[PDB]
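Enquirer: Before anything else, here's the structure in question.
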Amino acid sequence: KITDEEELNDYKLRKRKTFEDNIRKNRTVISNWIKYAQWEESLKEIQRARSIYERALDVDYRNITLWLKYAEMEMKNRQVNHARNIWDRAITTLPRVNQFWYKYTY
RNA sequence: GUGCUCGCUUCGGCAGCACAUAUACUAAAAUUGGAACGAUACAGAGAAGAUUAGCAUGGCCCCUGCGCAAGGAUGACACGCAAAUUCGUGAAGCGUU
Ligand SMILES: [Mg+2]
Ligand SMILES: [Mg+2]
Ligand SMILES: [Mg+2]
């Protein structure tokens, strides 16, 4: 059982260290980024997860499920306007992926 | 500061002229922080039984070396509920239109 936010920050320190270490070794391996971003979105620290998805798109911009997870985080967390920007950037960079257009018009 | 001054003009002072033209991380300091690989306790070599030569791979880990040699335990690390977009069959019971 964790008490006041010193111990919560210690938990977060351990988890962030674990994920950043997995990112250091694998470097690519897109699931590592997705797990770390899902963990950040579960704790409503979604600016961290914006950073993680943007770093993952710096690694691999052509991976379509990564764009999908980033945009579904921003849709899910009621950030209509961020997600809308993401879909515009997604359909601009990867225009022959029809997934992006269907989900944005939906 | 020196010298020339047919300068006042004594050998005292002054006047003019010429030449000479810009050092310094400005400290004898006040401060300000970070390191060592030594002890002192816990700790003990990778490869699916045991004993083990090693050569790599990658980087927000470096050390010895002049080294684009070669060593450092194969120098160490690496050991992970390793789940990424995206579903459907058939029968039975209950309630509903
Ligand atoms: Mg060697
Ligand atoms: Mg050996
Ligand atoms: Mg090695």
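Enquirer: Take the conditions loosely packed, with under 13 Cβ neighbours inside 10 Å, acidic (D, E) and assigned to a helix (DSSP H, G or I) and apply them to A:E74. Does it pass? Please lay out each step first, then the result.
Expert: Details: loosely packed, with under 13 Cβ neighbours inside 10 Å: no; acidic (D, E): yes; assigned to a helix (DSSP H, G or I): yes.
No: the conditions fail for A:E74.
Enquirer: Kindly evaluate A:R48 against the criterion of being in contact with an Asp or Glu (Cβ under 6 Å, 6 or more places away or on another chain) and either over 19 Å from A:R89 (Cβ atoms) or part of a helix (DSSP H, G or I) (or both).
Expert: Answer is yes for this residue.
Enquirer: While we're on this one: Can you list residue pairs whose Cβ atoms sit under 8 Å apart, with the first residue in the range A:40-59 being over 13 Å from A:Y70 (Cβ atoms) and the second being surrounded by 12 or more Cβ atoms within 10 Å (Cβ to Cβ) and among the basic types (K, R)? Count only pairs 6 or more apart in sequence or on different chains.
Expert: Close Cβ pairs satisfying both conditions: A:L43/A:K12.
Enquirer: Could I ask something else about it? Filter the range A:23-44 down to the residues that are loosely packed, with under 13 Cβ neighbours inside 10 Å, assigned to a loop (DSSP other than H, G, I, E, B) and more than 10 Å from RNA strand B (Cβ to nearest atom) and list them by number.
Expert: A:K44
Enquirer: Then there's this: Go through (1) outside any helix (DSSP H, G or I); (2) under 30 Å from A:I2 (Cβ atoms) and name the single condition A:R96 misses.
Expert: The failed condition is (2).
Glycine also receives a Cβ, built like all others from the backbone with ideal geometry; neighbour counts cover every protein chain displayed. None of the figures in this text is laboratory data; all of them are computed from the coordinates on show.
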